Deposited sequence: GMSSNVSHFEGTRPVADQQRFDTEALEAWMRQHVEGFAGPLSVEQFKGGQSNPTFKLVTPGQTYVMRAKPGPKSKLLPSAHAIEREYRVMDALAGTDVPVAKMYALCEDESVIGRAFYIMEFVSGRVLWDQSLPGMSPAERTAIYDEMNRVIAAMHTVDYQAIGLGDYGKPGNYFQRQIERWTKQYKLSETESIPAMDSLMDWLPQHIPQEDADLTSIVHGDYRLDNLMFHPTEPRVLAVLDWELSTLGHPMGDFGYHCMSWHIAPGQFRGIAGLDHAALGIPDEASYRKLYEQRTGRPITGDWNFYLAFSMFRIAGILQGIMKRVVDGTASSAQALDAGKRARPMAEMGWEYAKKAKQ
């Protein structure tokens, strides 16, 4: 509920090519409010807040011109005078957000293409020269895994609602097993890279825009790629994984081939125990899910969706520990 004329005035000076009249609509749902700004010349998307939005804008803006396809940025407004809250203006991209990783409704050749493009974008993101595009201080590089292991160890300990031995074993195992090979390697890391955070062209298997960058920073690629590969280790039905489905029939590549393709795109081979990267990723996911459980156990979020995600903490922790034990020691 704000002054749309004050915005139209601001947009004339700060949004390239802008020309009213302007009509604001809202989207049903996204942490911070999202609106659809409509003008005859074109449509934009405004991301406001009640009253770290600026990092999304920053990373997405810096990536224009790279191979990581992203929505075009128009303007960021930190001056809460104009509308009563901070916001930014983006392009309104139109396309498909696919949810089910098994890609129902497609031919095998199509599934191959969706997966191949999805691969290409992660390789591209991780090969970007983040310093040349001005993101040099976008996050703290080096010492990624020990920083993260410690963070999530402290977080679980704060939210622990029950004794989960596999979690405890993880918290003790991980810190003593951080690969030494490529420990300093850093790149832009999306944070939550997966199929449903991609906007595909309405009919072609090509991503028009990588979405939800609010968790992104500078970090180790395998923290990002490892989380992305979870799909091959989680089974279908709540957490829409693809473990045990007949991938060769469906046209979905095997994880061995997917990693190999990523290695060739990025030019460097994945050194370091793959089971550690997986074990870490499962640990992290367990930590996040325990956060939800702790809030559900003392009623901050009672949602059916919420306690569903909370009950999944233990099995994630348990699965993490199993992969840990398959790793070098």
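#### Entry: Parts of the chain sequence, as deposited, that carry no C-alpha coordinates in this structure
Several stretches lack coordinates - namely 1 to 19, 49, 72 to 81, in sequence order.
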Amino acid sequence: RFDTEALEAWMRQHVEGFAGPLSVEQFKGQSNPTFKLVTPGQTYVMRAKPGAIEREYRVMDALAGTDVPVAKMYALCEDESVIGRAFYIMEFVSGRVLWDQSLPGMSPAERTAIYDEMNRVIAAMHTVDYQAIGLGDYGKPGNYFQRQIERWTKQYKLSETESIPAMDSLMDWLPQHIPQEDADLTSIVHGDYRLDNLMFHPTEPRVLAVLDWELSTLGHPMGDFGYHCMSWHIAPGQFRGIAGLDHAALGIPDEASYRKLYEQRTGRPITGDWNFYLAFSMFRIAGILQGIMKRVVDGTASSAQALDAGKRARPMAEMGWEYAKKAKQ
From here on, numbers count along this sequence of modelled residues.
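### Task
Please work out which of 271 to 279 and 42 to 50 has the higher mean CA B-factor as recorded in the PDB entry.
For C-alpha atoms only, the mean B-factor is higher in 42 to 50.
### Query
When the C-alpha temperature factors are averaged for each of 282 to 290 and 295 to 303, which stretch ends up with the higher value in the entry?
Looking at the record's C-alpha B-factors, the answer is 295 to 303.
### Task
Could you check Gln176, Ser94, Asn143, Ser102 and tell me which one carries the biggest Cα B-factor in the deposited entry?
Highest CA B-factor of the listed options: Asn143.
### Message
Can you tell me which of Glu150, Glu255, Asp212, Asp224 has the maximum CA B-factor listed in the PDB entry?
### Response
Highest CA B-factor of the listed options: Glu150.
### Task
Report the third (lowest, middle or highest) to which the CA temperature factor of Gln155 belongs, ranking only the modelled residues of the same chain.
CA B-factor rank for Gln155: highest third.
### Task
Would you check the entry's CA temperature factor for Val15 and let me know if it's in the chain's lowest, middle or highest third?
Lowest third of the chain for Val15's C-alpha B-factor.
### Query
Compared with the other modelled residues in the chain, in which third is the CA B-factor of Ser187?
Within its chain, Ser187 is a middle-third residue by C-alpha B-factor, going by the deposited values.
### Task
Within this chain's modelled residues, let me know which third the CA B factor of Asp137 belongs to: lowest, middle or highest.
CA B-factor rank for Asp137: middle third.
### Message
Can you tell me whether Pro69 has a C-alpha B-factor in the lowest, middle or highest third compared with the other modelled residues of the same chain?
### Response
Ranked within chain, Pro69 CA B lands in the lowest tercile.
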